[PDB]
Each structure stands twice: as structure tokens, then as C-alpha cells.
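S.K.: Structure below; questions to follow.
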Amino acid sequence: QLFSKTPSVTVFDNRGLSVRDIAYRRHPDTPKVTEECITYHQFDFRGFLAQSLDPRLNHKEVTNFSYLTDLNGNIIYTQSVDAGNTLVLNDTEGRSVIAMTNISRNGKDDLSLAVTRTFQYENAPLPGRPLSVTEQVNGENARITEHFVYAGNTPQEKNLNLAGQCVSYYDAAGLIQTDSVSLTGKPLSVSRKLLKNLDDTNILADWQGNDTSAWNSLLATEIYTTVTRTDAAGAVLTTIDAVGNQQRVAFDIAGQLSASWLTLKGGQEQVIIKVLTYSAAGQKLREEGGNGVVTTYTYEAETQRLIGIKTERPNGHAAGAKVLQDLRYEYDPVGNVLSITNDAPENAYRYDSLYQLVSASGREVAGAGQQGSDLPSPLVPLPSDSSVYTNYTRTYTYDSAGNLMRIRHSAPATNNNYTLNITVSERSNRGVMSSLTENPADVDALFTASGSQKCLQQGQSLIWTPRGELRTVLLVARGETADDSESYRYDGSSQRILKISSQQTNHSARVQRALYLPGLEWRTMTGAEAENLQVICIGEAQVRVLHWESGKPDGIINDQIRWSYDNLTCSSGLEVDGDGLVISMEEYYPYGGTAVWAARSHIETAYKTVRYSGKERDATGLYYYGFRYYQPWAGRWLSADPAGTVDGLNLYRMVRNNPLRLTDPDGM
């Protein structure tokens, strides 16, 4: 038990201010050596943060961070070699007048990319809410990103409970008409207008022109709506989803879910749950899926730590009686996972005293080779025999400041071995796969002023756009042909409302067009008999359904329904159908490369994308997490979180050196 004498300590000035802090570190590879890691917080004449720094740049005697404020209050201006700079101002009332971003590290930082946001308001008598805000592009095409309409107090509005409501919010990707409300405060309805053609990347959803006499040129015919009724407690009583779906739900006395039903598009509504039951801790205890497979849950009653979860098929079931899993987990006193096992057999881990997970070992499938920018083939059919997977060691290395060095692996019986470097800046968190460059001075040129990265791969440029928005990646195409298109639409709250890719290389010119709305995705491979389908969100460990409109598959039914099983990260190792037949097994390294993959039907590569950490695969092999996108072979964000330093010093860092750490689904 290595951990003896690895405390942490915080230190203060005579004003009691948090001048310094210390963490002791010790690799189990280095059991005789204890590192002391420290950083500083200088404070000003105001009694507020003057300076705080990266440990390693600091002890290399370089200064790389800044924070500047009003007379008291809050930061006006703030820079890092990582973040770039940032400036804001707000009212006496805290209403915002201006914000700017993506400003470089020279006399002054580069304002030409400032991507300025500024705001327009309700005025007397109205309470003073913004009626609009605009992207005031510096020296360039300034454009009104959004517009708010606030209701009056007509009897109509009162009945709709829209009195004073933001009855419109025009926005990037279009408008929500906040178009009726219940007296509980929950909506009676909302209408969404997407753009006149949401396909058209250059109809900007910027509200030039004075009113929708103009803006009709920018809003769709394909307008959709949700309608809702609720508990006095506000929980949903029923709902309607204008493409043809609809909702009903029922609950236990504490408000826990008993049962639910959803209308499929233009058709029947049917029961989801067969059994659902919970612990005294309120957490789940005993369940049975709509296919009829049975689950139960197991906890340490002293602590409510989940020690395991078990699932089986009942007698005479369509897929036959079988234990499907019996997950068991091993923990240290703090609760870090030491090992796991399952039967339907084992894996194990090592940590630094600082709880960097330095090593992992277990089974991974042979022949997939060294993980790159790729997803290798499933084993097909589902392996009847186990030797196709084999022992591995996987290991990792890190800085005393918040940076990694290398990743290091063997699956020795496969002869698959590597050690692979993230080159990281001599003076920042900016860093890339060795393939892009091996040089830590040169690497810092590969990034924007915000510190967003230039490329996915040797030429795979990242189309960062105003409001820090990665509209597309170039991918690769022969002759650079746009027929293999890619792009995404983002709404005013960055919702990935549309996929707009395409393919035509040696194939039908199908646009991969897909739409993303509450409870809904619609996909078409169009522009051959076009593929056309919808999928609908079955709850919230969620459940998933399909219906083709067109493009019938071989040997597969339409209207198909599936449940799934995951590890606690929602790493979605398992999927199962309405007959209780498993679709396939899958698994991931902690770094998120797939450890095992198989299929019972070949094109399963498209059928499931909620996978590693329950995050969403892009078919290229990236994972979309929520706000942001991830490079699994690099084990790192392909993106920056600049939203707050108190959340962490490194914008690209994942999960405090253990991606397995938490249940947390957030993904920003």
C-alpha cells in the first residue's frame, strides 16, 4: 500500500490568502522517490489574485499567465499562453455590454479575430432584457446572431401563460417561438423554425433585415413543434412531437418511474418497461427490459458503493435462459478501481499516489494492430471461442505540471507494441501526436489564438469559425472533391442540430443529411433508391429505436428496438434486441481505443455510436462528447475548454489522469 505519507497542504499569507499549495507524488515504479509538486498564487494590493502559474514553466523561470480586474469585482482582462486573452464588460446591473475571444499571445494581442459579441435591450417601460445581440465582427461583416421577442399581457398571452414570455427567440439556426405555456410553468408548446434551407451553410441564421418579412427568406418550411402537459409537480403528463411521435409516463409515490409509453411516428404508442425497482438509496435495484431480460443491482450497504450488477434471461426466453453478465468491481479504500471481473475474465490497474492511473492490464482482441485514426473490423460472426483475445499491458506518463509525455503498450502475444508521444509546447499546453510534429517548440504554431487546434491529421484542417465554432473538418477526398462533404450546424446554444456530410467517391452521390431535435433524429442518404429513416429517443442506459422510411436492409426488420448495457462511465459494451439476442460485444481501452469489437451483421459499424464512455462516435472515429470532440488515439481532447480556470489548468486534459474516474456524462 504505497500511499503512506502522500498528503496535500495549502499555505497562506498574513491576510489568510491561499498563497501556495503542495501535492506529494510518487509513482509505484519509483517507490523510493517522493516528488513535491507546488504552485503559487501571488495576491495584489486589493487582496486578490495577482499571479498563478503552470508549475513547470514557473520553475523553468518563465511567466505565462495574467489576470486583471476592476476596482474590486472581477476580471476585466485575462491571458494565458494556452487560452489566449479575453476581455468583457457589463452594466452596474451586470447586463453585458461586450465580450471578445480568440485573441492571440509583441506590444498587443491580435484583435482582428476578436469575434466580438455585443447586446441590444428592452427599454422603458420594459424591464430591460436584451431584445438582441450581434456578432460585431472587427472591421468585417458584422451580423445580428439573435433576437428576442417578449410578450405583453393580452388575455391570449395570459391564457397561453405567455405573459412577458420570450415568445420568440431567433437565434443561430433559426427561431424558437415560445408559443404556449401551462400555469405550472412548463410549456404547453414550443415551435421550432430551422432555416429556409438548413442545408445552405451560407444562409447564416444572422437576422439581417428588420422583421420576418425578410427573415422568412431564412426560416424553413420544415417547421416543427412540441406540445406538452404536466403534473402540478411539473413532471410530464403527456407530450406530442410534431413529426408524428408522442409521450405518456407513470410513476411511483416518490415520483420514481414505474412505466412509460411512446407513440411512434404516425402510429402506435406502446409500453417500454416490464419491471423497474429501486433501493432504499433510491438507486435502481430490480428491473426487466421490454424484451424480458432481467437485471438486479448490488451495493455495499456501509457506503452505497456499487459492488456489482447482474443480468440474465428467463426460462424459455426467445434467446434462452442465460446469465448475460455478472459485473464485480474491486476498490481501494478511497474507492479507486483496482480490478474488475465478469462472467456470462479479469482486469487490473496501477496508480501513482497522485492517482494517475499508470498501468492497466487484461484482455484485448488480437489482430486489430496499433490503434490509429481508425476503427478496425468487428470479428464476424460473434466469436464462439475466446483465444481471439489476449493479454496486454498498457501504461502512461505525465508531467509535474499538467501535461502528459508518452503512452506505452504491449499486447505481447499479438506482438502489437508501441510507445507514442504527444509533443507538447515548450511554453504551453498545446500538443499533438508525434506524426504532426515531434518538436515541442514547433508544435505551438499548430493552434489558433484561442488555442484551438489547426488539424486532426497531416492535412485534415479544422474549420474553426466565429463563436469558437468548429463548423467542419476538411476530411480527405480525391481531387479534394466536395462530394465527400462534411459539415455541422450549431444552434444559438451550440446544439449540433444538423449533420451535413456527403459521399460520391465511386458511389451514389448521397448527402449524409441528418437532423437532431428533441426526442428525434432524422437521417437520409439522398441526392439509387435513397435511404431514409427516423430514430426516436426511448427515454432520458437509454433505449434506442429505428424506422426506415426507405432503403430496406437484408435480413433485418424495420421498426427495430434495442436496449443496452454499459460500464458506469456508460462505456456501452453491450447491445440487445427485442428477442434478447445480443447484437454484439464491444470494449474500449481507458484511453478509448476499442479493445474488442465483433458483429453478427456486417454493417453494424453504422448501427451503434453511443459507445466509449457512452459518448457518441463520429463515424470517422472521433467521439463527440457534448460540447466538444475527442481524439482517442491521442487520449486527449481535439478541442479546448476555455470556460473556466477553476475547473482545470489544462484545456485539453481529460479526467485528472483517469478517464474511468466518474459516472459524470457532461462532456464539456
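Residues 4-108, 111-349, 362-544, 547-559, 563-690, in that order, are what chain A shows, numbered as in Swiss-Prot.
Recorded method for this deposit: electron microscopy, 4.6 Å.
From the backbone N, Cα and C atoms, a Cβ is placed for every residue, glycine too.
For reference, Swiss-Prot lists these features for the protein:
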- 168-182: repeat 'RHS 1' (REPEAT)
- 297-311: repeat 'RHS 2' (REPEAT)
- 329-343: repeat 'RHS 3' (REPEAT)
- 408-422: repeat 'RHS 5' (REPEAT)
- 500-514: repeat 'RHS 6' (REPEAT)
- 580-594: repeat 'RHS 7' (REPEAT)
- 606-620: repeat 'RHS 8' (REPEAT)
- 610-690: region 'RHS-repeat associated core domain' (REGION)
- 640-654: repeat 'RHS 9' (REPEAT)
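Set these features in their place in the structure for me.
M.R.: DSSP states for the repeat 'RHS 1' (168-182), grouped as helix (H, G, I), strand (E, B) and coil, give 0 helix, 8 strand, 7 coil.
Listed as Cβ neighbours of the repeat 'RHS 2' (297-311) (distance under 8 Å, sequence separation of 6 or more from its ends, same chain) are residues 279-280, 284, 286, 288-291, 317-319, 322-323, 329, 334, 336, 340, 585, 590, 598, 602.
Listed as Cβ neighbours of the repeat 'RHS 3' (329-343) (distance under 8 Å, sequence separation of 6 or more from its ends, same chain) are residues 298, 310-318, 349, 365-366, 368, 372, 587, 589, 596, 598, 604, 680, 682.
The list of residues near the repeat 'RHS 5' (408-422) in space but at least 6 beyond its ends in sequence, with Cβ under 8 angstroms from a Cβ of it, reads 28, 38, 40, 57-60, 369, 373-381, 428-430, 438-439, 441, 446, 448, 611-613, 657-658, 670-672, 675, 679.
According to DSSP, the secondary structure content of the repeat 'RHS 6' (500-514) in residues is 2 helix, 2 strand, 11 coil.
Only residues 6 or more beyond the boundaries of the repeat 'RHS 9' (640-654), in the same chain, are considered here, and those with a CB under 8 A from a CB of the stretch are 388, 390-392, 450, 473, 487, 490, 492, 511, 513, 610, 613-615, 627-628, 631, 633-634, 660-661, 663, 676, 687-690.
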S.K.: Which residue counts does DSSP give the repeat 'RHS 3' (329-343) for helix, strand and coil?
M.R.: 0 helix, 10 strand, 5 coil
